[PDB]
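Listing of model.cif, mmCIF, C-alpha atoms
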```
data_upload
#
loop_
_atom_site.group_PDB
_atom_site.id
_atom_site.type_symbol
_atom_site.label_atom_id
_atom_site.label_comp_id
_atom_site.auth_asym_id
_atom_site.auth_seq_id
_atom_site.Cartn_x
_atom_site.Cartn_y
_atom_site.Cartn_z
ATOM 1 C CA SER A 19 0.509 10.148 -20.064
ATOM 2 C CA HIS A 20 -1.417 7.870 -17.741
ATOM 3 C CA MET A 21 -3.847 9.703 -15.481
ATOM 4 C CA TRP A 22 -1.744 8.853 -12.421
ATOM 5 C CA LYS A 23 1.957 8.979 -11.704
ATOM 6 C CA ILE A 24 2.512 6.523 -8.868
ATOM 7 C CA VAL A 25 4.966 8.082 -6.418
ATOM 8 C CA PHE A 26 4.669 5.444 -3.684
ATOM 9 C CA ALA A 27 2.570 2.453 -2.639
ATOM 10 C CA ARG A 28 1.882 1.260 0.889
ATOM 11 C CA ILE A 29 -0.054 -1.595 2.492
ATOM 12 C CA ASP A 30 -1.582 -0.793 5.886
ATOM 13 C CA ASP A 31 -4.675 -2.606 7.093
ATOM 14 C CA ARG A 32 -5.610 0.422 9.158
ATOM 15 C CA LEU A 33 -5.217 2.809 6.207
ATOM 16 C CA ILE A 34 -5.312 6.437 7.374
ATOM 17 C CA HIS A 35 -4.786 6.313 11.133
ATOM 18 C CA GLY A 36 -3.141 8.521 13.745
ATOM 19 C CA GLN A 37 -0.373 10.713 12.335
ATOM 20 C CA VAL A 38 1.137 7.988 10.169
ATOM 21 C CA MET A 39 0.042 9.289 6.779
ATOM 22 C CA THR A 40 0.787 12.872 7.778
ATOM 23 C CA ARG A 41 4.381 11.726 8.241
ATOM 24 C CA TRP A 42 4.461 9.805 4.949
ATOM 25 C CA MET A 43 2.948 12.588 2.851
ATOM 26 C CA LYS A 44 5.607 15.089 3.893
ATOM 27 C CA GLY A 45 7.884 13.167 1.533
ATOM 28 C CA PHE A 46 5.445 13.556 -1.379
ATOM 29 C CA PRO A 47 4.447 17.256 -1.321
ATOM 30 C CA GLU A 48 2.349 17.348 -4.495
ATOM 31 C CA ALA A 49 0.643 13.957 -4.221
ATOM 32 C CA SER A 50 -2.838 12.897 -3.265
ATOM 33 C CA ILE A 51 -3.727 9.712 -1.402
ATOM 34 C CA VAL A 52 -5.551 7.093 -3.451
ATOM 35 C CA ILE A 53 -6.952 4.218 -1.420
ATOM 36 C CA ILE A 54 -7.711 1.169 -3.530
ATOM 37 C CA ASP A 55 -10.064 -1.239 -1.761
ATOM 38 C CA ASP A 56 -13.341 -2.852 -2.865
ATOM 39 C CA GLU A 57 -14.796 -2.849 0.675
ATOM 40 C CA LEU A 58 -14.005 0.800 1.384
ATOM 41 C CA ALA A 59 -15.315 1.860 -2.014
ATOM 42 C CA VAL A 60 -18.857 1.118 -0.942
ATOM 43 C CA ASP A 61 -18.457 2.039 2.770
ATOM 44 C CA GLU A 62 -19.572 5.634 3.165
ATOM 45 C CA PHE A 63 -18.984 5.711 6.919
ATOM 46 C CA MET A 64 -15.336 4.737 6.666
ATOM 47 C CA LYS A 65 -14.759 6.865 3.574
ATOM 48 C CA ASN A 66 -15.779 9.846 5.695
ATOM 49 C CA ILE A 67 -13.605 8.717 8.632
ATOM 50 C CA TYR A 68 -10.504 8.364 6.451
ATOM 51 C CA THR A 69 -11.174 11.618 4.565
ATOM 52 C CA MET A 70 -11.432 13.491 7.889
ATOM 53 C CA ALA A 71 -8.264 11.802 9.169
ATOM 54 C CA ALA A 72 -6.257 12.820 6.121
ATOM 55 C CA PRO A 73 -3.215 15.083 6.446
ATOM 56 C CA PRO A 74 -4.025 18.782 6.221
ATOM 57 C CA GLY A 75 -3.966 19.868 2.585
ATOM 58 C CA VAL A 76 -3.905 16.343 1.148
ATOM 59 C CA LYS A 77 -6.744 15.038 -1.022
ATOM 60 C CA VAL A 78 -8.036 11.503 -0.465
ATOM 61 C CA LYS A 79 -9.819 9.497 -3.148
ATOM 62 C CA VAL A 80 -11.151 5.958 -2.866
ATOM 63 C CA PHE A 81 -11.498 3.482 -5.729
ATOM 64 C CA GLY A 82 -12.435 -0.131 -6.093
ATOM 65 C CA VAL A 83 -9.926 -2.286 -7.993
ATOM 66 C CA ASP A 84 -11.660 -2.215 -11.374
ATOM 67 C CA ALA A 85 -12.346 1.527 -11.117
ATOM 68 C CA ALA A 86 -8.719 2.235 -10.194
ATOM 69 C CA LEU A 87 -7.470 0.274 -13.189
ATOM 70 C CA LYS A 88 -9.939 2.100 -15.446
ATOM 71 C CA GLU A 89 -8.909 5.535 -14.136
ATOM 72 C CA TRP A 90 -5.191 4.879 -14.372
ATOM 73 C CA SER A 91 -5.647 3.599 -17.930
ATOM 74 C CA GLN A 92 -6.982 6.960 -19.138
ATOM 75 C CA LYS A 93 -4.537 9.307 -20.940
ATOM 76 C CA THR A 94 -4.151 12.918 -20.013
ATOM 77 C CA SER A 95 -1.889 15.877 -20.668
ATOM 78 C CA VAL A 96 -1.370 16.543 -16.960
ATOM 79 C CA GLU A 97 -0.676 13.562 -14.712
ATOM 80 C CA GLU A 98 -1.736 13.505 -11.052
ATOM 81 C CA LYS A 99 0.891 12.383 -8.515
ATOM 82 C CA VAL A 100 -0.618 9.651 -6.331
ATOM 83 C CA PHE A 101 0.438 7.805 -3.176
ATOM 84 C CA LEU A 102 -1.361 4.434 -3.346
ATOM 85 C CA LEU A 103 -2.667 3.010 -0.097
ATOM 86 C CA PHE A 104 -3.979 -0.582 0.131
ATOM 87 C CA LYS A 105 -5.556 -2.354 3.054
ATOM 88 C CA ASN A 106 -4.025 -5.720 2.134
ATOM 89 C CA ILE A 107 -1.592 -7.615 -0.076
ATOM 90 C CA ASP A 108 -4.295 -9.297 -2.121
ATOM 91 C CA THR A 109 -5.749 -6.030 -3.363
ATOM 92 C CA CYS A 110 -2.280 -4.837 -4.312
ATOM 93 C CA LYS A 111 -1.707 -8.118 -6.202
ATOM 94 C CA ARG A 112 -4.984 -7.682 -8.066
ATOM 95 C CA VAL A 113 -4.054 -4.204 -9.303
ATOM 96 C CA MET A 114 -0.535 -5.213 -10.264
ATOM 97 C CA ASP A 115 -1.939 -8.252 -12.095
ATOM 98 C CA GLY A 116 -4.237 -5.790 -13.861
ATOM 99 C CA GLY A 117 -1.243 -3.853 -15.175
ATOM 100 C CA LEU A 118 -0.884 -1.005 -12.719
ATOM 101 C CA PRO A 119 2.849 -0.338 -12.393
ATOM 102 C CA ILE A 120 4.060 -0.237 -8.847
ATOM 103 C CA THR A 121 7.814 0.174 -8.414
ATOM 104 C CA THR A 122 8.131 0.342 -4.614
ATOM 105 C CA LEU A 123 5.838 -1.364 -2.130
ATOM 106 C CA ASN A 124 6.041 -0.432 1.540
ATOM 107 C CA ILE A 125 4.503 -2.943 3.977
ATOM 108 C CA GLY A 126 3.288 -0.637 6.755
ATOM 109 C CA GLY A 127 0.682 -2.504 8.781
ATOM 110 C CA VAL A 128 -0.505 -6.098 8.832
ATOM 111 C CA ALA A 129 -2.156 -7.258 12.057
ATOM 112 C CA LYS A 130 -1.179 -10.484 13.783
ATOM 113 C CA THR A 131 -3.477 -13.492 13.328
ATOM 114 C CA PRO A 132 -2.765 -17.095 14.304
ATOM 115 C CA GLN A 133 -1.812 -17.818 10.676
ATOM 116 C CA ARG A 134 0.802 -15.051 10.611
ATOM 117 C CA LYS A 135 4.294 -14.895 12.045
ATOM 118 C CA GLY A 136 5.173 -11.788 14.050
ATOM 119 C CA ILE A 137 7.905 -9.674 12.473
ATOM 120 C CA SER A 138 7.517 -6.211 13.983
ATOM 121 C CA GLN A 139 5.084 -4.291 16.184
ATOM 122 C CA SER A 140 3.309 -3.203 13.001
ATOM 123 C CA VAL A 141 3.717 -6.195 10.690
ATOM 124 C CA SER A 142 3.040 -9.940 10.849
ATOM 125 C CA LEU A 143 2.930 -12.129 7.715
ATOM 126 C CA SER A 144 1.916 -15.679 6.801
ATOM 127 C CA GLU A 145 4.139 -17.899 4.740
ATOM 128 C CA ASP A 146 1.601 -17.591 1.892
ATOM 129 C CA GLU A 147 1.735 -13.809 2.123
ATOM 130 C CA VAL A 148 5.518 -13.780 1.921
ATOM 131 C CA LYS A 149 5.282 -16.099 -1.111
ATOM 132 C CA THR A 150 2.935 -13.560 -2.717
ATOM 133 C CA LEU A 151 5.291 -10.687 -2.049
ATOM 134 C CA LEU A 152 8.157 -12.667 -3.576
ATOM 135 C CA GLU A 153 6.014 -13.352 -6.633
ATOM 136 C CA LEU A 154 5.303 -9.637 -7.071
ATOM 137 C CA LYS A 155 9.057 -8.937 -6.845
ATOM 138 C CA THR A 156 9.842 -11.662 -9.390
ATOM 139 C CA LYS A 157 7.122 -10.747 -11.893
ATOM 140 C CA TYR A 158 7.102 -6.970 -11.616
ATOM 141 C CA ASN A 159 10.492 -6.033 -10.112
ATOM 142 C CA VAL A 160 8.862 -4.249 -7.208
ATOM 143 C CA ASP A 161 11.126 -3.193 -4.348
ATOM 144 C CA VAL A 162 9.350 -4.524 -1.260
ATOM 145 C CA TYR A 163 10.167 -3.500 2.291
ATOM 146 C CA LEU A 164 8.600 -3.249 5.740
ATOM 147 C CA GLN A 165 8.610 0.178 7.351
ATOM 148 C CA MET A 166 6.091 1.741 9.701
ATOM 149 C CA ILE A 167 6.943 5.437 9.268
ATOM 150 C CA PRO A 168 9.625 7.226 7.279
ATOM 151 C CA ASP A 169 12.115 7.368 10.155
ATOM 152 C CA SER A 170 11.538 3.902 11.607
ATOM 153 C CA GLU A 171 13.334 0.596 10.890
ATOM 154 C CA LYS A 172 13.300 -0.595 7.276
ATOM 155 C CA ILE A 173 13.467 -4.352 6.645
ATOM 156 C CA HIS A 174 13.796 -5.551 3.042
ATOM 157 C CA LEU A 175 11.776 -8.536 1.849
ATOM 158 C CA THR A 176 14.913 -10.642 1.347
ATOM 159 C CA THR A 177 15.858 -10.076 5.001
ATOM 160 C CA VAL A 178 12.357 -11.053 6.083
ATOM 161 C CA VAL A 179 12.661 -14.391 4.320
ATOM 162 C CA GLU A 180 16.166 -15.086 5.637
ATOM 163 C CA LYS A 181 15.349 -14.343 9.283
ATOM 164 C CA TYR A 182 11.669 -15.230 9.666
ATOM 165 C CA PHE A 183 10.897 -17.770 6.927
ATOM 166 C CA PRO A 184 14.186 -19.619 6.229
ATOM 167 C CA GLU A 185 13.311 -21.416 2.978
#
```

Here is the file; what I need is its structure written in the form of structure tokens.
Amino acid sequence: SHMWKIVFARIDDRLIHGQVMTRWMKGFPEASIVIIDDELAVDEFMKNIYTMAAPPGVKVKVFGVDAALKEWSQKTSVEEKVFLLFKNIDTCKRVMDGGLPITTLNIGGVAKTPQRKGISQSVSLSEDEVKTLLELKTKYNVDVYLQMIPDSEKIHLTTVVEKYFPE
């Protein structure tokens, strides 16, 4: 089997913050958190911050994109359950384009910028970003939805397009 079994994937530009991941990990009891980000992979200060902020009893590992693809590609007799955490859509696209199978993609946090349209308190998206999410759905059959925490409002990608980007 592949080294990792991907139990969930989430995009949140603030990664491990507050109690958010403690809430998410309760749904994935045996999983570790794997953050895939090229910037964080070399940033020792923030690697320590996020490791310290991790839910009690949950391992955190950080990989760059190429290293994540290399690790996942390895075969093993005992797979590790992993909850993938990305800072941004582009990094997720790069790993999916590299063959890493993601089945569900939760958009958790994307900060407002002038180029993005506000959708929720936690998520704003540009038209280009929504086009990218649609492309991931089309190419890879990923189920994409916005949801901040497990018990908060869930908005599917199709609903996002219909209400916020009619086109």

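For the pair atom CA of residue 140 of chain A and atom CA of residue 65 of chain A, the interatomic distance is 22.7 Å.
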
With distances taken over all atoms listed in the file, which of A:86, A:107, A:58, A:38 is nearest to residue 165 of chain A?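 Looking only at the distances to residue 165 of chain A, the closest residue turns out to be A:38.
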
Suppose a student applies the PyMOL selection byres ((chain A and resi 89-94) around 12) to this structure; what residues should they get, written as a PyMOL selection string? chain A and resi 19-24+52+54+79-88+95-100+102+113-114+116-120

Tell me which residues the PyMOL selection byres ((chain A and resi 173-175) around 9) grabs here, as a VMD selection string. chain A and resid 148 151 to 152 161 to 165 171 to 172 176 to 180

Name the residues that the PyMOL selection byres ((chain A and resi 144) around 9) picks from the file above, as a list in words, using the file's chain letters and numbers. residues 131, 132, 133, 134, 135, 136, 142, 143, 145, 146, 147, 148 and 149 of chain A

Distance in Å - atom CA of residue 181 of chain A versus atom CA of residue 125 of chain A: 16.6 Å

Nearest candidate to residue 166 of chain A (options A:64, A:72, A:33, A:25; using only C-alpha atoms):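 Between A:64, A:72, A:33, A:25, the residue approaching residue 166 of chain A most closely is A:33.
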
Rounded to one decimal place, report the atom CA of residue 26 of chain A-atom CA of residue 185 of chain A distance in Å.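 Taking atom CA of residue 26 of chain A as the start and atom CA of residue 185 of chain A as the end point, the length is 29.0 Å.
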
Protein/DNA/RNA residues near (-0.9, 6.7, 0.8), cut 9 Å, only C-alpha atoms, as number ranges by chain: A: 26-29, 33-34, 39, 42-43, 49-53, 78, 100-104

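Among the candidates A:76, A:167, A:67, A:141, the residue lying nearest to residue 37 of chain A is A:167 (atoms considered: only C-alpha atoms).
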
Check the smallest atom-to-atom distance from each of A:46, A:109, A:153, A:71 to residue 168 of chain A using all atoms listed in the file, then report the winner.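 Once distances to residue 168 of chain A are computed over all atoms listed in the file, the minimum belongs to A:46.
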
Padded axis-aligned box of segment 97-113 of chain A (3 Å per side), centre and edge lengths, Å, one decimal, as AutoDock Vina command-line options:
```
--center_x -2.4 --center_y 2.1 --center_z -5.8 --size_x 12.6 --size_y 28.9 --size_z 23.8
```
